[PDB]
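*Asks:* Here it is, the structure, as structure tokens.
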Amino acid sequence: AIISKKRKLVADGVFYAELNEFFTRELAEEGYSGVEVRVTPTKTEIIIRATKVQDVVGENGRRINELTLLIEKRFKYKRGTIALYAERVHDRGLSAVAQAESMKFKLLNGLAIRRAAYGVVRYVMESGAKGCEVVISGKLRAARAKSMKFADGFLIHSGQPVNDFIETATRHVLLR
Amino acid sequence: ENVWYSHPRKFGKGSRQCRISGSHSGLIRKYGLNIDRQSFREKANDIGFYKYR
Amino acid sequence: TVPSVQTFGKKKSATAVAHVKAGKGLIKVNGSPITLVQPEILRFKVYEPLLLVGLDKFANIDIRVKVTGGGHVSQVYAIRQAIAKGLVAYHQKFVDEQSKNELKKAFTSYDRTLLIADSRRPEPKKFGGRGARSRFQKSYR
Amino acid sequence: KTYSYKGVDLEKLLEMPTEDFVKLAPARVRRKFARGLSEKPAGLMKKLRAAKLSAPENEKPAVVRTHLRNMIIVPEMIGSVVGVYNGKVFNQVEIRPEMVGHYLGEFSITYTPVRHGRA
Amino acid sequence: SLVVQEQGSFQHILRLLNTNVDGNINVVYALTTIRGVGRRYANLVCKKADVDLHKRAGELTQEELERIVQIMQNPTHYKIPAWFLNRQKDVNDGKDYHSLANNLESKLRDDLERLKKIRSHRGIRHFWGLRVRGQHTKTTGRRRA
Amino acid sequence: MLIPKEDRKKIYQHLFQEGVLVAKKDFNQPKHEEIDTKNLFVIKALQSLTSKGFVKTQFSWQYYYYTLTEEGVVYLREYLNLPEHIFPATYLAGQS
Amino acid sequence: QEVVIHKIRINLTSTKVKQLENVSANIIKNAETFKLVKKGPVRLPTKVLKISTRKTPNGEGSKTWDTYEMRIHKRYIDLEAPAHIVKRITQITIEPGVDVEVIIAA
RNA sequence: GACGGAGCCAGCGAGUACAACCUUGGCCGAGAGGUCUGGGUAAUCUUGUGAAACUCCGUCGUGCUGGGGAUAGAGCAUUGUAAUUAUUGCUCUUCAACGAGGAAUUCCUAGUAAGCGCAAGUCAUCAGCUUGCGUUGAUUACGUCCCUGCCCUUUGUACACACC
RNA sequence: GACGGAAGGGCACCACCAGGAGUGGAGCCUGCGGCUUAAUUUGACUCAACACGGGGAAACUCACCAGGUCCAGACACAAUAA
Ligand SMILES: [Mg+2]
Ligand SMILES: [Mg+2]
Ligand SMILES: [Mg+2]
Ligand SMILES: [Mg+2]
Ligand SMILES: [Mg+2]
Ligand SMILES: [Mg+2]
Ligand SMILES: [Mg+2]
Ligand SMILES: [Mg+2]
Ligand SMILES: [Mg+2]
Ligand SMILES: [Mg+2]
């Protein structure tokens with residue numbers, strides 16, 4: 001890059017954000033959770049988290065390779081300098097993004113909203129965390145739009161007991 | 001193809017352009033981000049800026 | 001070489017640093033005497049510790065103060081503080097505990113910082129107001 | 001009373017080189033002249049010349065309509081019917097003295113200049 | 001510094017360059033009362049003349065006054081270039097002039113007339129009675145004529 | 001959109017070689033990276049290709065994310081004739 | 001076989017402090033084991049990257065400001081050490097977040 | 001107080017690549033700003049940001065007067081393909097309203113109020129703006145519910161679009 | 001529950017006392033509203049609109065007005081068609 005250290009770091013952050021956004025857009029059915037960017041002077045490593053690993057892979061190594069190629073194209077990288085590693089989250093019922101995606105999928109298939117929310121909460125409980133809440137805003141098969149709360153256990157709201165101890169995901173569902 | 005379709009778009013709002021939506025209003029160019037404010041708000045925690053003070 | 005004590009002085013953000021040595025009778029601000037400092041009125045503020053302790057307690061001293069930051073008044077205050085602190089440090093090192101006590105007593109008939117560094121540091125200027133506490137101007141209608 | 005443009009008299013400037021005029025002009029005008037010359041007023045001057053030619057010589061030429069309010073005239077024009085664009089309307093302007101080196105936009109007032117109050 | 005008391009020699013209130021010059025203002029600042037004459041340039045003129053500034057208005061002997069007047073009216077010869085005088089470059093002669101008293105206003109009037117004749121924006125504004133140099137009349141200029 | 005045919009062919013060839021296409025929503029601009037053509041045309045071509053299946057599309061951060069399915073690849077090959085066993089990068093070559 | 005002393009600066013850059021600390025510790029350990037001349041991990045003025053932004057996406061409402069900040073940690077090390085082996089050393093051990101940069105000069 | 005000199009002291013920043021940044025030092029110009037050079041893609045160089053306000057020696061001296069600098073002219077640069085409807089800047093001249101502000105009402109209880117700058121955001125060029133620093137640093141409370149709200153408790157409601 | 005020109009008990013310098021500092025006065029500056037205009041694009045109207053939309057816009061911006069181009073109408077099927 002040759003650019004200033006601070007600026008470089010900022011750029012890296014931006015790139016990470018971009019990558020995350022891309023993954024959210026593309027890997028819906030592939031069940032995406034989170035990304036990490038590890039940089040060694042010769043090789044750039046990206047560790048992707050998902051629930052349906054085979055899909056992410058493709059066939060032998062179809063989709064991951066294409067994603068790598070895309071990445072290379074986007075931010076100008078020579079073929080081979082970048083790499084991808086798709087790996088499981090050991091507890092799927094802790095990463096908020098994954099939960100959100102699941103909820104979205106449940107919604108798009110044609111399920112009742114309330115029931116879906118309850119199912120998600122149950123799943124979270126089974127996974128094992130100190131409580132969770134679901135907020136569903138908008139139309140609940142009505143012309144007038146409302147808010148929902150699906151709470152179990154107990155929550156925190158203020159402090160550094162927020163960060164690390166909490167995971168927050170906002171995901172919007174488009175419908176008829 | 002036209003050699004009459006574009007005049008100079010060198011600065012101000014031309015080259016000084018968004019890197020998310022394609023807007024022009026509210027462009028934080030600090031540290032060469034080129035992100036819109038609103039978008040930045042919902043993303044800055046991933047880029048690495050926080051609410052410390 | 002003769003042992004010598006380093007001290008400092010703080011006010012707002014102004015930093016003085018005094019170097020107290022054994023010598024003839026030096027008292028110096030940057031490269032000048034205390035007979036100058038700057039504002040002519042506040043010459044007594046920096047001179048005050050000397051007046052308090054006794055000028056004879058300087059007949060074997062060398063003092064040099066490097067001062068950076070603040071404005072002018074703050075700088076002066078810092079210098080004064082450093083000088084006081086320098087003296088006390090010297091006493092701690094070379095002289096006697098009773099002497100130190102005496103010095104402290106002399107100072108604490110005022111306690112304009114001198115031996116103890118000041119608190120009271122700038123408060124951050126918040127949004128929706130020109131000042132730290134000062135809010136903007138409510139218009140209504 | 002006749003006219004002096006910038007020291008140099010009326011008659012000599014109706015057919016006079018541009019560079020000399022630039023030299024004997026305000027600094028802004030000089031700067032303008034310096035910055036861009038080739039394919040910048042396209043062929044406005046040419047058009048003006050053509051108009052002059054087509055006229056009976058004793059009469060003022062046919063109206064040449066320009067969107068250029070930005071244009072500063074050179075003394076090779078003068079007595080030329082330049083219709084200046086005011087967003088919608090073409091304004092007729094005739095030049096004799098030193099409006100030379102002055103922007104054509106100054107003589108076509110853009111906003112319709114007020115009625116207001118009636119009190 | 002002057003210990004000199006001075007007897008009845010200085011006559012206050014002087015009629016110089018038609019416009020009345022008042023008493024005991026500090027030479028430079030006595031000259032400023034005349035239109036076209038302004039502070040710094042008055043001072044410069046005084047310096048050129050070689051009269052000490054720390055003197056009274058009535059103090060000035062006639063010769064000195066004459067010299068000052070000469071300096072004012074014919075400025076170019078006494079080492080006063082361009083970044084100096086009133087009508088630099090000018091539109092009528094090519095030479096620069098330091099216009100004074102009852103000249104500058106006349107020049108301005110002439111300019112206005114010319115603008116009116118040639119229907120320029122500034123001229124139009126002047127005719128109207130409106131603000132010219134980049135001002136928003138949403139608030140500006142409610143004093144009227 | 002009507003693209004000069006040779007240019008279109010070139011674009012297609014490039015795509016086949018890659019298995020990946022970018023071109024941002026930066027319209028009007030002189031030239032795209034890698035492929036030496038005007039971007040708008042390229043984008044239109046890509047969209048056309050997508051319309052019947054074939055390619056994938058994401059609009060994220062104004063980038064466009066073009067990758068082909070195997071059927072799509074086959075179709076592309078047919079369009080540009082090209083003999084058997086010429087590979088994009090979907091067919092694995094390296095080691096990771 | 002080379003054996004030539006470089007006199008080299010190594011700069012680190014990190015948004016995360018803990019990772020940086022770990023890296024520094026690792027470097028110190030390496031220095032200890034190979035017995036090399038060093039200047040002990042030198043801190044810098046940490047650049048705080050402040051982006052002052054109105055929280056409101058529309059503007060209609062009260063004047064609320066948020067300064068989204070990123071404190072960036074530098075921390076550098078100076079090594080007066082040999083060649084190939086030193087190079088090998090100054091490549092291994094990577095924590096997620098921290099960036100290691102080794103310059104040149106012989 | 002203003003106007004001259006001359007003392008001299010700050011903290012946040014921010015700043016170059018696949019472009020045209022912050023700019024030092026030496027000569028031009030009386031300013032702005034040019035110009036050959038280098039330093040600096042960062043605790044290093046700009047920058048100790050030698051910042052103002054202040055500090056000392058003067059000059060002026062109760063005067064809409066050297067207080068005020070709006071409005072006007074005219075000219076020299078700069079940014080930009082493009083400055084007219086002064087972009088801004090600098091030199092000039094032009095010197096109005098304005099003698100501490102009615103009823104009204106905002107803000108503030110200690111490094112705070114105010115004065116004073118600076119940097120950043122916007123930015124090609126422009127700050128009277130915001131956002132953050134830092135200099136200078138007071139006066140008066142440490143309380144009450146009278147006005148303006150708020151909190152709970154009781155109370156009365158012919159009010160729940162809930163006293164609008 | 002709200003509300004009370006109800007009662008107790010507490011609070012607050014967007015409440016007041018004891019005081020600052022002013023604005024409201026003057027000119028300018030910017031933003032409104034109102035009028036005008038081809039257009040003066042708009043959204044805000046008690047704090048919780050009015051130096052607010054990061055809104056210090058010469059083109060850009062951009063929305064407005066006057067004009068002039070351009071297809072960025074995928075794809076499907078019909079017709080045209082060397
Ligand atoms: Mg709690
Ligand atoms: Mg708390
Ligand atoms: Mg003055
Ligand atoms: Mg003043
Ligand atoms: Mg400093
Ligand atoms: Mg006066
Ligand atoms: Mg402007
Ligand atoms: Mg009622
Ligand atoms: Mg409130
Ligand atoms: Mg603004």
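Identifiers in this document derive from the order of the structure tokens: chains are assigned A, B, ..., residues are numbered from 1 separately in each chain, and ligands are numbered from 1 in order of occurrence.
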Could you give me, as an MDAnalysis selection string, each residue of chain D that DSSP assigns to alpha helix (DSSP H) when run on this structure's backbone?

*Replies:* chainID D and resid 10:13 18:23 27:34 44:54

*Asks:* Could you give me, as a list in words, each residue of chain B that DSSP assigns to strand (DSSP E or B) when run on this structure's backbone?

*Replies:*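 In chain B, DSSP puts these residues in strand (DSSP E or B): residues 27, 28, 35, 36 and 50 of chain B.
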
*Asks:* Around ligand 9, at most 12 Å away and counting only C-alpha atoms (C1' of nucleotides) and all ligand atoms, which residues are there? Put them as an NGL selection string, please.

*Replies:* (:C and (138 or 140)) or (:G and (61-62)) or (:H and (148-150)) or (:I and (12 or 14 or 46-48))

*Asks:* What does the structure give for the distance between atom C1' of residue 3 of chain I and atom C1' of residue 163 of chain H, in Å to one decimal?

*Replies:*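 It comes out at 5.9 Å.
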
*Asks:* Sorted by chain and rising residue number, which residues of chain E lie within 7 Å of chain H, and what are their closest atom pairs and distances in Å to one decimal, counting only C-alpha atoms (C1' of nucleotides), as JSON lines?

*Replies:*
```
{"residue": "E:29", "atom": "CA", "partner": "H:66", "partner_atom": "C1'", "distance": 7.0}
{"residue": "E:36", "atom": "CA", "partner": "H:93", "partner_atom": "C1'", "distance": 5.9}
{"residue": "E:38", "atom": "CA", "partner": "H:93", "partner_atom": "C1'", "distance": 6.7}
{"residue": "E:83", "atom": "CA", "partner": "H:91", "partner_atom": "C1'", "distance": 5.1}
{"residue": "E:84", "atom": "CA", "partner": "H:92", "partner_atom": "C1'", "distance": 6.0}
{"residue": "E:85", "atom": "CA", "partner": "H:92", "partner_atom": "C1'", "distance": 5.7}
{"residue": "E:86", "atom": "CA", "partner": "H:93", "partner_atom": "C1'", "distance": 5.6}
{"residue": "E:87", "atom": "CA", "partner": "H:74", "partner_atom": "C1'", "distance": 4.9}
{"residue": "E:88", "atom": "CA", "partner": "H:75", "partner_atom": "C1'", "distance": 5.0}
{"residue": "E:89", "atom": "CA", "partner": "H:75", "partner_atom": "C1'", "distance": 6.7}
{"residue": "E:108", "atom": "CA", "partner": "H:73", "partner_atom": "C1'", "distance": 6.4}
{"residue": "E:133", "atom": "CA", "partner": "H:86", "partner_atom": "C1'", "distance": 4.3}
{"residue": "E:134", "atom": "CA", "partner": "H:86", "partner_atom": "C1'", "distance": 6.1}
```

*Asks:* Should the cut-off be 12 Å, what would the residue list for chain G against chain C look like, counting only C-alpha atoms, as an NGL selection string?

*Replies:* :G and (52-55 or 62-67)
